[PDB]
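Look below for two forms of one protein chain, each set out as structure tokens: first structure 1, then structure 2.
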Structure 1
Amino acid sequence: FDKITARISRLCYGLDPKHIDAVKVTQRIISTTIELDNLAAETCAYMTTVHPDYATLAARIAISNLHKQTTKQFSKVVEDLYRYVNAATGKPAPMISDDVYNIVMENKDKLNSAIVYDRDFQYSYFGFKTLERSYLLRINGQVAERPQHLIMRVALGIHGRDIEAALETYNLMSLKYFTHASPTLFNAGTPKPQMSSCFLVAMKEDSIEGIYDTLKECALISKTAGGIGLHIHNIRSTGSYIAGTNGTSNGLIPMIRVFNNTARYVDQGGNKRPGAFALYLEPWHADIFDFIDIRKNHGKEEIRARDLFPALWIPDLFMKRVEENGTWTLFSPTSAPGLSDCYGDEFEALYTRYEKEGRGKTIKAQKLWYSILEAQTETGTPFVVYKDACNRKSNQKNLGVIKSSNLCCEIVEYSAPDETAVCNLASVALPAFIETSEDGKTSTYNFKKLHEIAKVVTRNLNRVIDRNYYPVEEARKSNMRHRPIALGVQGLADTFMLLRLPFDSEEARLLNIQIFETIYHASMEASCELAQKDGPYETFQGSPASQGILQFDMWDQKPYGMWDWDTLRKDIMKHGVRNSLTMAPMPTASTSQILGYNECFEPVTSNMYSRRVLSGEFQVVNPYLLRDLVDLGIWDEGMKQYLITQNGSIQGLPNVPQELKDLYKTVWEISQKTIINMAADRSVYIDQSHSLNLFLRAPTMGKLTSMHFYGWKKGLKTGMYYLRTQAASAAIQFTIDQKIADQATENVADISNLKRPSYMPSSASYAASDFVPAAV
């Protein structure tokens, strides 16, 4: 029997007994001690619709539930995980590394009493559950680790015997200022710590040995988390000589199906595995037409492969030819060699000479276009990365010719048969640097704090290089030579909302520029400090950075100037930098979900959407918007139905102030010419590239075309990650009572009741957080 309503009503503070009503919660449990608490948090989540303070309630339950059924003290949890004898095989299967177990035990007091277990309450219910499902180490399908333990372990995984640097990293991470990529969270501090995310693999040689070494290498990388970009330009097309000849070659497709099959094989079950390769190919390759279609559902199933992602490595020349209405030539790399191995002008000269001497097959440039746009429309792929932009604007340009990007399209690093480029990723939580004035009515953005934290994260990523467990020797060889690194961001969208800036506003335009300028400056500064401690990276001498050319110099752009570039440039030219690259904003698909923020630099895709199961299927509304509507009095069952029929859009309510409407525009409602502008803006502070998705409502070849041509002309590197499309008719949905949903436009809003800080911009010379004291 029950009076658990007591256990539940205990956990509300900053509540409101009319908003919440712990009584109502118990009733909705219409059906051991732990089973009830799960449902208590489940149902209590369901009512996020009822009131936004139910989210907070459901988090508390799940969290202090986790506490009850879990060992409080860090060192003991570390013991258990280290001592784990495999339940069914009798033999020692430890989950902490020997090294980190020793550090923990040697420093148990200092460590144990640094943890603040309250900080477990910093998680969205859904964020918590994401951790719980895949990240918190489990003993016998029982969660062993609290969130705080996962963080300490990760901190020790990165810093080793540097307890000071670990305590710091523990603090910043537990306060959600930043986070490391999924592989780091999984594997830091474990027997073979593979913590890197991306690997760019070169197809070793156009031969069975070549192909099968690459395959083995890919299998090894993929099985230890971490995803692949694989360029395959050098492999002969359909119908090409083979010694032992009668056989003409079967081309790429058969090969691709071998890779596809391995991708599926290695993904064995209980996921941790980005079982996902992207393949990179230049559009002159004679098998391009088939390659491009790899992901389509209809058509011939022999010629298809769905665990793989096609990605275009595009020369300017191709865009030039489709832009006039020119010809385009397809070649087998055996007949037209070295094309993948030069760029810009050197490429146009070589390519063109091959054209003139009648090699390869002439076709209409716009015919390939067309096929490309067609695949993108149905499949979201192939990706577009501009090969000349990458190679002209890379700090690594002295290593040779960069032939690919990675699985998402953010990292751009040299790679060759014997050098597999690797990269470590973390993202900064942008909302974390908002500061509110005392009085609650003016807000500010702390670029100094941000600069600081980015230096911390630069130092972490740099240490992972040394502590990482490389799955293949080509990876280690490369990473020790060039020491690249990838910082990215998350929660851009939440911070525009929090600051009441419309995504496409002038204020947001400028904040975007400022955030990115400061992170680039921070990481370069930290990296110069590390060169002064451990020497430059092996390959620094002769790089563009060594001649004092920073990224924005390659784009012929004067920096915004919030930070002193003249000093840094001089320092770098004299001391060097530890890392060859530092910036590559990634999709933060899983990490942003954990931290409870929007994807990355993307606008919110929808103000209403579903979250995963557990006794039903969950409808949920944008938290900032929800509180705004509740504060405007407007929030109805009815407002909720209206929202469900407009699929989260707010743009139809005459009801609601324009400001609100501008603030809550959706990626579908925002000009793509704006998204690309902002991308082009931050790009000048990006070493590498960023994972730019594009979104279209009623897609037409035409807006799709001008989208590509626009990015390309602004000199972007990643023209397009995925293409995300939405029929105009999807934009509207059924609801169970359409006329209740209509009455919602008749609700009358306050305004004298909705207040929200107002943002004080900073400039290249005026801070702002400097001049406005913050709260506590």
Structure 2
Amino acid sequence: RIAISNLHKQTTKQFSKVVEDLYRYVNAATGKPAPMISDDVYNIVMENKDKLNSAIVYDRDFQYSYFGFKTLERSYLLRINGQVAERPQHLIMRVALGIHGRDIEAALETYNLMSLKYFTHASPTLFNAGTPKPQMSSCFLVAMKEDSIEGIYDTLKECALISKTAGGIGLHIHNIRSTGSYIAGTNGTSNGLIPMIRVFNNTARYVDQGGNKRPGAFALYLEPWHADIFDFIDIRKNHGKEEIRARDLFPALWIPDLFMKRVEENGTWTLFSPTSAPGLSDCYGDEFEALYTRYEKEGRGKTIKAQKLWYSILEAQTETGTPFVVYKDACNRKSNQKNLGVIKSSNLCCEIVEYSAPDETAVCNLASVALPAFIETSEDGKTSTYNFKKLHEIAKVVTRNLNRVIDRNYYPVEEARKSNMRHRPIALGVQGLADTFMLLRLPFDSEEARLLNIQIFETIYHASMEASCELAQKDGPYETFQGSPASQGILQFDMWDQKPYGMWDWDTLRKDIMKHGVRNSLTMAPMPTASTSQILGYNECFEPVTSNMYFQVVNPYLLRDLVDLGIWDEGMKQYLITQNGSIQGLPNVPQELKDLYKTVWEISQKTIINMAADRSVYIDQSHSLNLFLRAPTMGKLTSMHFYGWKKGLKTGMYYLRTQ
């Protein structure tokens, strides 16, 4: 396209010369040298400039589309005086070196694979890899340090320092005393969560993310037994008094099984202040219900009808798409981190399931694989297959990549460095799942698509466990590996009490893990892929298309097919805008197409949850299950929560999107 050509004109070609430009950069308005490459990476480039410059293939800048490329210019490529200095290949090459340091062999391998669009790293890595303050992490899981003004304000300092750089914040607050609680040393009473949430909201608005044009935003995690619960869930509502809302933060429920049983049973639910019911957040499952029932019998709390709370939550979600729902017990029963203690929250997108404490703030580095790039016709005729062997091969590269990032990362706070060097959690993901199904001509809700889902995820989990095992053989297991499920030979699907699909040799892998350990406590956590999917030009994530339309450019695979059937007139172009990206109830479109290009609003949510359930058994962590409802009703939303809850899911619902 024109835009790519215009870049090639207004930019230097030689990579080493672009690295010089950037590294030598000086802020003209200030006189301060503002270098955009690190000493480490600069020196690496200059001692390998012939090898490097010649490896860059500039054709590959035409691998991107208009919406893809303009994302890169608008925010990703490095700038010298507002003007763009990096080419897409330069960004990628910088990222490759930034990850691999002196391993030029690996650097070239990452480069090739990235430039060919096999995979990509999360935005923080793209921004910061190769730069002086290389903060490459997306996820921070932060413990509320203690139920005190000192505790709260230390915690608040930590969130600001973290927000100063890339990456969002999951913050759990189950230990802050609710409204009206006693405070020793004064006749004053506690004001509870809301005024304190307003303070975190304010810090959110003040500290811009990486200096970006972002929404800076935290997700907050609370257990539905907390006496401040009704207000907490209403935090994003559009009306009411401004003093009781916090519109830049996201409420998330950390829900124990007992809450759900009691709702299903139409029973009673009791609410506590954590000062009156200590320990509730530091246990789960059976131990939680022993302790909760006891406090409930001891008059320590306020009982109401479970369904009163339930109904209130369903209101908040229908209006605002929040609170998110994550099942505390499913998260804890099935974490490879359970040997560390009780997991108390997830992250900003409900995918990370990691342990966190006042002195240990969980971190995660993210990368995603492009599923469509492993499709080939490779048979004979024209029937396309999916190359699972290249997928396995590539997911071992991404695992080794993300494992290097841990060591080369700048950590905003000491709690993060302590946490990551100990457990070394890692987070692989996917994009282009819908595209894959479409290219292989499989309706999202087919028995074939169902089988492909499982196979894809079985191979990614196996690959990652294998690479991580090979890494353990080189560097030793991670510090806390002794006593872990993995050390006892218990993998993820085992914690779901299921045999794996069996496309790979799990016996040999398990044997080796028990012998040598693994480098990473966790490996898999499919994330929302918001901006990175636009860069590669794929559908987000593992969801299906939201519409076939989306200055409005129609689905490429649908368009191809409408032209092939020679029915693409103006009648199609208008009925598509009219029905906003739906092709059902169109008189002249074949049934195979209507089944293939069903929009997410037309696929059943039981099918969506089934596939989440199915693939979930190969997920160390969790995944961001977005839910979509056409004509929403209380009962309709109720049976989705309970359905996924019974399916054993960790993340029951990320966002709820409507009409």
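Structure 1 provides the reference sequence; residues are numbered from 1 along it. By rigid core we mean the largest C-alpha set that fits within 1.5 Å across both forms.
Visitor: Pick out the one residue among 557, 268, 207, 297 whose C-alpha shifts by 2 Å or more between structure 1 and structure 2, once the rigid core is superposed.
Guide: The only residue crossing the 2 Å threshold is 268.
Visitor: Once you overlay the rigid core, does the Cα of residue 437 travel 2 Å or further between structure 1 and structure 2?
Guide: Yes; that C-alpha moves by at least 2 Å between structure 1 and structure 2.
Visitor: Just grab the Cα shift of residue 185 between structure 1 and structure 2 for me, core aligned, in angstrom.
Guide: Between its two positions, the C-alpha of residue 185 lies 0.2 Å apart after core fitting.
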